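Source file: data23.txt; contents: compact mmCIF, N, CA and C atoms.
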# COMPACT_ATOMS: atom_id res chain seq x y z
N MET A 1 94.88 141.66 106.77
CA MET A 1 93.85 140.82 106.17
C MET A 1 93.98 139.37 106.65
N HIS A 2 95.22 138.94 106.88
CA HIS A 2 95.47 137.58 107.34
C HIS A 2 94.97 136.56 106.33
N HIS A 3 95.24 136.81 105.06
CA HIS A 3 94.81 135.91 103.99
C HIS A 3 95.36 134.51 104.21
N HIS A 4 94.52 133.51 103.98
CA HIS A 4 94.92 132.11 104.15
C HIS A 4 94.77 131.34 102.85
N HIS A 5 95.42 130.18 102.78
CA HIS A 5 95.36 129.34 101.59
C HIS A 5 94.35 128.21 101.77
N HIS A 6 94.35 127.27 100.82
CA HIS A 6 93.43 126.14 100.88
C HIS A 6 94.19 124.84 101.11
N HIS A 7 93.89 124.18 102.23
CA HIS A 7 94.54 122.92 102.57
C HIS A 7 93.66 122.08 103.49
N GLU A 8 94.07 120.83 103.72
CA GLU A 8 93.31 119.93 104.58
C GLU A 8 93.29 120.44 106.02
N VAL A 9 92.17 120.21 106.70
CA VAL A 9 92.02 120.65 108.09
C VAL A 9 92.07 122.17 108.19
N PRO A 10 91.09 122.74 108.91
CA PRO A 10 90.99 124.19 109.10
C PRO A 10 92.09 124.73 110.01
N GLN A 11 93.32 124.74 109.49
CA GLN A 11 94.46 125.23 110.25
C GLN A 11 94.47 124.65 111.66
N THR A 12 94.92 123.40 111.78
CA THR A 12 94.98 122.73 113.07
C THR A 12 95.92 121.53 113.02
N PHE A 13 95.95 120.85 111.88
CA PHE A 13 96.82 119.69 111.71
C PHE A 13 96.37 118.54 112.61
N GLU A 14 96.19 117.36 112.02
CA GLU A 14 95.77 116.19 112.77
C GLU A 14 96.93 115.21 112.96
N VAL A 15 97.52 115.23 114.15
CA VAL A 15 98.64 114.35 114.45
C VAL A 15 98.23 113.28 115.46
N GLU A 16 98.91 112.14 115.41
CA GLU A 16 98.62 111.03 116.32
C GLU A 16 99.17 111.32 117.72
N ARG A 17 100.49 111.39 117.83
CA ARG A 17 101.14 111.65 119.11
C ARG A 17 102.64 111.83 118.93
N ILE A 18 103.30 112.37 119.95
CA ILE A 18 104.74 112.59 119.90
C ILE A 18 105.50 111.27 119.93
N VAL A 19 106.12 110.93 118.80
CA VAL A 19 106.88 109.69 118.69
C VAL A 19 108.01 109.65 119.71
N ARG A 20 108.86 110.67 119.69
CA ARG A 20 109.99 110.75 120.61
C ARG A 20 110.54 112.17 120.66
N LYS A 21 111.66 112.33 121.37
CA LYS A 21 112.30 113.64 121.50
C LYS A 21 113.79 113.49 121.75
N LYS A 22 114.55 114.54 121.45
CA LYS A 22 115.99 114.53 121.64
C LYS A 22 116.58 115.92 121.44
N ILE A 23 117.60 116.25 122.22
CA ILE A 23 118.25 117.55 122.12
C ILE A 23 119.64 117.42 121.50
N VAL A 24 120.08 118.47 120.81
CA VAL A 24 121.39 118.48 120.18
C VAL A 24 122.09 119.82 120.39
N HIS A 25 123.30 119.76 120.95
CA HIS A 25 124.08 120.97 121.21
C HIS A 25 123.28 121.96 122.05
N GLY A 26 122.32 121.45 122.81
CA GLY A 26 121.50 122.30 123.65
C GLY A 26 120.22 122.73 122.97
N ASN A 27 119.86 122.04 121.89
CA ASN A 27 118.65 122.35 121.15
C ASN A 27 117.68 121.18 121.18
N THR A 28 116.61 121.32 121.96
CA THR A 28 115.61 120.27 122.08
C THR A 28 114.84 120.09 120.78
N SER A 29 114.48 118.85 120.47
CA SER A 29 113.74 118.55 119.25
C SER A 29 112.71 117.45 119.50
N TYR A 30 111.46 117.73 119.13
CA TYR A 30 110.38 116.77 119.31
C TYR A 30 109.99 116.13 117.98
N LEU A 31 110.21 114.82 117.88
CA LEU A 31 109.88 114.08 116.66
C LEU A 31 108.46 113.51 116.73
N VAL A 32 107.54 114.16 116.03
CA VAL A 32 106.15 113.72 116.01
C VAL A 32 105.78 113.12 114.65
N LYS A 33 104.91 112.12 114.67
CA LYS A 33 104.47 111.46 113.44
C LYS A 33 103.30 112.22 112.81
N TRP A 34 102.65 111.58 111.84
CA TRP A 34 101.52 112.19 111.16
C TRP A 34 100.36 111.21 111.05
N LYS A 35 99.67 110.99 112.17
CA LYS A 35 98.53 110.07 112.20
C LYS A 35 98.96 108.66 111.82
N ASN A 36 100.18 108.29 112.23
CA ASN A 36 100.71 106.96 111.94
C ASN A 36 100.92 106.78 110.44
N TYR A 37 100.99 107.89 109.71
CA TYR A 37 101.19 107.85 108.27
C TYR A 37 102.61 107.42 107.93
N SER A 38 103.56 107.81 108.77
CA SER A 38 104.96 107.47 108.56
C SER A 38 105.74 107.52 109.87
N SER A 39 105.48 106.55 110.74
CA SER A 39 106.16 106.49 112.04
C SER A 39 107.67 106.43 111.86
N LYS A 40 108.11 106.09 110.65
CA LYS A 40 109.53 105.99 110.35
C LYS A 40 110.09 107.35 109.92
N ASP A 41 109.25 108.15 109.28
CA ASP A 41 109.65 109.48 108.83
C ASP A 41 109.44 110.52 109.92
N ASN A 42 108.18 110.82 110.21
CA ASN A 42 107.84 111.80 111.23
C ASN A 42 108.52 113.13 110.96
N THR A 43 108.28 114.10 111.83
CA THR A 43 108.87 115.43 111.68
C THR A 43 109.50 115.90 112.99
N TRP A 44 110.70 116.47 112.89
CA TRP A 44 111.41 116.96 114.07
C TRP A 44 111.13 118.44 114.29
N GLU A 45 110.30 118.74 115.28
CA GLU A 45 109.95 120.12 115.60
C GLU A 45 110.48 120.51 116.97
N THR A 46 111.24 121.60 117.01
CA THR A 46 111.82 122.09 118.26
C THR A 46 110.80 122.03 119.40
N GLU A 47 111.30 121.87 120.62
CA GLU A 47 110.43 121.79 121.79
C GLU A 47 109.58 123.05 121.92
N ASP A 48 110.05 124.14 121.32
CA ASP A 48 109.33 125.41 121.37
C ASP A 48 108.49 125.60 120.12
N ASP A 49 108.54 124.63 119.22
CA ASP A 49 107.78 124.69 117.97
C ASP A 49 106.83 123.50 117.86
N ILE A 50 106.96 122.56 118.78
CA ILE A 50 106.11 121.37 118.78
C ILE A 50 104.94 121.53 119.75
N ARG A 51 105.17 122.24 120.84
CA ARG A 51 104.13 122.47 121.84
C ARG A 51 103.17 123.56 121.39
N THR A 52 103.61 124.36 120.41
CA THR A 52 102.79 125.44 119.89
C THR A 52 101.90 124.96 118.74
N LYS A 53 102.38 123.95 118.02
CA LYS A 53 101.63 123.39 116.90
C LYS A 53 100.96 122.08 117.29
N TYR A 54 101.61 121.33 118.18
CA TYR A 54 101.07 120.06 118.64
C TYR A 54 101.05 119.99 120.16
N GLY A 55 100.84 121.14 120.80
CA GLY A 55 100.80 121.19 122.25
C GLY A 55 99.84 120.18 122.83
N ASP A 56 98.88 119.73 122.03
CA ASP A 56 97.89 118.76 122.47
C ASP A 56 98.57 117.46 122.90
N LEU A 57 99.38 116.90 122.01
CA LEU A 57 100.09 115.65 122.30
C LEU A 57 101.36 115.92 123.09
N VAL A 58 101.98 117.08 122.84
CA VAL A 58 103.20 117.45 123.53
C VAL A 58 103.03 117.38 125.04
N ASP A 59 101.88 117.85 125.53
CA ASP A 59 101.59 117.84 126.96
C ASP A 59 101.12 116.46 127.40
N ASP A 60 101.12 115.51 126.47
CA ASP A 60 100.69 114.15 126.76
C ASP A 60 101.87 113.18 126.72
N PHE A 61 102.95 113.61 126.07
CA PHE A 61 104.15 112.78 125.95
C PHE A 61 105.20 113.20 126.97
N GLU A 62 105.72 114.42 126.81
CA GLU A 62 106.74 114.94 127.72
C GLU A 62 106.23 114.94 129.16
N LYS A 63 104.95 115.25 129.33
CA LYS A 63 104.35 115.29 130.65
C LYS A 63 104.31 113.89 131.28
N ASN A 64 104.58 112.88 130.46
CA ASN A 64 104.58 111.50 130.94
C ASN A 64 106.00 111.00 131.17
N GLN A 65 106.93 111.50 130.36
CA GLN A 65 108.33 111.11 130.48
C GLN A 65 109.04 111.93 131.54
N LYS A 66 108.61 113.18 131.70
CA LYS A 66 109.20 114.07 132.69
C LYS A 66 109.02 113.53 134.10
N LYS A 67 108.10 112.57 134.25
CA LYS A 67 107.83 111.96 135.54
C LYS A 67 107.83 110.44 135.44

Mind converting the file's structure to structure tokens?
Amino acid sequence: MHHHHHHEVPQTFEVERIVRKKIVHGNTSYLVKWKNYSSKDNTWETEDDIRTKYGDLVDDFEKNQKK
């Protein structure tokens, strides 16, 4: 059935851009903000969990630092 709940944005999430990134013990982590709502807080999403949920900005940040 794929039942869904009720929340803001039709399952897409509106983020500003990838604040920064860092790996630990071999585990990459992408720290993205929330529309500049809390550039100090932000959320740390694995490199394999940030490009899938925020691949939009992910390919705009890392793709810029990688070169």

Please indicate the distance in Å from atom CA of residue 32 of chain A to atom CA of residue 55 of chain A, rounded to one decimal place.
11.1 Å

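Interatomic distance, atom C of residue 13 of chain A against atom N of residue 45 of chain A: 14.2 Å.
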
Would you mind writing down, as a PyMOL selection string, each residue of chain A that DSSP on the backbone assigns to strand (DSSP E or B)?
chain A and resi 18-24+27-32+43-46

Looking at A:24, A:9, A:31, A:19, which one is nearest to residue 49 of chain A, with distances taken over only C-alpha atoms?
A:31

Two-atom distance - atom C of residue 35 of chain A, atom C of residue 12 of chain A (Å):
13.3 Å

Counting all atoms listed in the file, closest pick from A:33, A:27, A:10, A:64 relative to residue 47 of chain A is A:27

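You can rank A:34, A:59, A:2, A:51 by their closest distance to residue 14 of chain A using only N, CA and C atoms, and at the top of that list sits A:34.
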
Among the residues of chain A, find those DSSP assigns to helix (DSSP H, G or I) from the backbone and print them as a ChimeraX atom specification.
/A:47-50,55-65

Report as AutoDock Vina command-line options the centre and the edge lengths, in Å to one decimal, of the axis-aligned box holding every listed atom of segment 15-24 of chain A, padded by 3 Å on each side.
--center_x 109.8 --center_y 114.7 --center_z 118.2 --size_x 30.6 --size_y 16.2 --size_z 14.1

How would segment 40-64 of chain A look with N, CA, C and O atoms restored, written as an mmCIF file, in the frame of the given file?
data_model
loop_
_atom_site.group_PDB
_atom_site.id
_atom_site.type_symbol
_atom_site.label_atom_id
_atom_site.label_comp_id
_atom_site.auth_asym_id
_atom_site.auth_seq_id
_atom_site.Cartn_x
_atom_site.Cartn_y
_atom_site.Cartn_z
ATOM 1 N N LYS A 40 108.110 106.090 110.650
ATOM 2 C CA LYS A 40 109.530 105.990 110.350
ATOM 3 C C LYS A 40 110.090 107.350 109.920
ATOM 4 O O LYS A 40 111.251 107.655 110.175
ATOM 5 N N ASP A 41 109.250 108.150 109.280
ATOM 6 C CA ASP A 41 109.650 109.480 108.830
ATOM 7 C C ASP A 41 109.440 110.520 109.920
ATOM 8 O O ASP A 41 110.397 111.038 110.491
ATOM 9 N N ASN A 42 108.180 110.820 110.210
ATOM 10 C CA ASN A 42 107.840 111.800 111.230
ATOM 11 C C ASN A 42 108.520 113.130 110.960
ATOM 12 O O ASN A 42 109.259 113.273 109.980
ATOM 13 N N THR A 43 108.280 114.100 111.830
ATOM 14 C CA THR A 43 108.870 115.430 111.680
ATOM 15 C C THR A 43 109.500 115.900 112.990
ATOM 16 O O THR A 43 108.918 115.745 114.059
ATOM 17 N N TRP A 44 110.700 116.470 112.890
ATOM 18 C CA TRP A 44 111.410 116.960 114.070
ATOM 19 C C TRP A 44 111.130 118.440 114.290
ATOM 20 O O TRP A 44 111.653 119.295 113.577
ATOM 21 N N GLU A 45 110.300 118.740 115.280
ATOM 22 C CA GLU A 45 109.950 120.120 115.600
ATOM 23 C C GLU A 45 110.480 120.510 116.970
ATOM 24 O O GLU A 45 110.218 119.845 117.974
ATOM 25 N N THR A 46 111.240 121.600 117.010
ATOM 26 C CA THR A 46 111.820 122.090 118.260
ATOM 27 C C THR A 46 110.800 122.030 119.400
ATOM 28 O O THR A 46 109.595 122.115 119.170
ATOM 29 N N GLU A 47 111.300 121.870 120.620
ATOM 30 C CA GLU A 47 110.430 121.790 121.790
ATOM 31 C C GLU A 47 109.580 123.050 121.920
ATOM 32 O O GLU A 47 108.521 123.035 122.552
ATOM 33 N N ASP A 48 110.050 124.140 121.320
ATOM 34 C CA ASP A 48 109.330 125.410 121.370
ATOM 35 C C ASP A 48 108.490 125.600 120.120
ATOM 36 O O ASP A 48 107.800 126.614 119.967
ATOM 37 N N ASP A 49 108.540 124.630 119.220
ATOM 38 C CA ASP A 49 107.780 124.690 117.970
ATOM 39 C C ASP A 49 106.830 123.500 117.860
ATOM 40 O O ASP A 49 106.005 123.440 116.944
ATOM 41 N N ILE A 50 106.960 122.560 118.780
ATOM 42 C CA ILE A 50 106.110 121.370 118.780
ATOM 43 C C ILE A 50 104.940 121.530 119.750
ATOM 44 O O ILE A 50 103.842 121.026 119.495
ATOM 45 N N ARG A 51 105.170 122.240 120.840
ATOM 46 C CA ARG A 51 104.130 122.470 121.840
ATOM 47 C C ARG A 51 103.170 123.560 121.390
ATOM 48 O O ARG A 51 102.062 123.684 121.905
ATOM 49 N N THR A 52 103.610 124.360 120.410
ATOM 50 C CA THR A 52 102.790 125.440 119.890
ATOM 51 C C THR A 52 101.900 124.960 118.740
ATOM 52 O O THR A 52 100.817 125.490 118.517
ATOM 53 N N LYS A 53 102.380 123.950 118.020
ATOM 54 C CA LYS A 53 101.630 123.390 116.900
ATOM 55 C C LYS A 53 100.960 122.080 117.290
ATOM 56 O O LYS A 53 99.884 121.751 116.794
ATOM 57 N N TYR A 54 101.610 121.330 118.180
ATOM 58 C CA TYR A 54 101.070 120.060 118.640
ATOM 59 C C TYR A 54 101.050 119.990 120.160
ATOM 60 O O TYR A 54 101.218 118.920 120.749
ATOM 61 N N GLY A 55 100.840 121.140 120.800
ATOM 62 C CA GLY A 55 100.800 121.190 122.250
ATOM 63 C C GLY A 55 99.840 120.180 122.830
ATOM 64 O O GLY A 55 99.954 119.801 124.001
ATOM 65 N N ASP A 56 98.880 119.730 122.030
ATOM 66 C CA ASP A 56 97.890 118.760 122.470
ATOM 67 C C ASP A 56 98.570 117.460 122.900
ATOM 68 O O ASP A 56 98.350 116.971 124.012
ATOM 69 N N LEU A 57 99.380 116.900 122.010
ATOM 70 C CA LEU A 57 100.090 115.650 122.300
ATOM 71 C C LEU A 57 101.360 115.920 123.090
ATOM 72 O O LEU A 57 101.786 115.101 123.903
ATOM 73 N N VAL A 58 101.980 117.080 122.840
ATOM 74 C CA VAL A 58 103.200 117.450 123.530
ATOM 75 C C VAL A 58 103.030 117.380 125.040
ATOM 76 O O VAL A 58 103.911 116.902 125.759
ATOM 77 N N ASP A 59 101.880 117.850 125.530
ATOM 78 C CA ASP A 59 101.590 117.840 126.960
ATOM 79 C C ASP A 59 101.120 116.460 127.400
ATOM 80 O O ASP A 59 100.752 116.258 128.557
ATOM 81 N N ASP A 60 101.120 115.510 126.470
ATOM 82 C CA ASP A 60 100.690 114.150 126.760
ATOM 83 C C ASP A 60 101.870 113.180 126.720
ATOM 84 O O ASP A 60 101.807 112.079 127.262
ATOM 85 N N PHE A 61 102.950 113.610 126.070
ATOM 86 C CA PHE A 61 104.150 112.780 125.950
ATOM 87 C C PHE A 61 105.200 113.200 126.970
ATOM 88 O O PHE A 61 105.542 112.443 127.881
ATOM 89 N N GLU A 62 105.720 114.420 126.810
ATOM 90 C CA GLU A 62 106.740 114.940 127.720
ATOM 91 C C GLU A 62 106.230 114.940 129.160
ATOM 92 O O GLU A 62 106.990 114.677 130.091
ATOM 93 N N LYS A 63 104.950 115.250 129.330
ATOM 94 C CA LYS A 63 104.350 115.290 130.650
ATOM 95 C C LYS A 63 104.310 113.890 131.280
ATOM 96 O O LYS A 63 104.056 113.745 132.472
ATOM 97 N N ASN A 64 104.580 112.880 130.460
ATOM 98 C CA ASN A 64 104.580 111.500 130.940
ATOM 99 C C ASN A 64 106.000 111.000 131.170
ATOM 100 O O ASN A 64 106.247 110.194 132.062
#
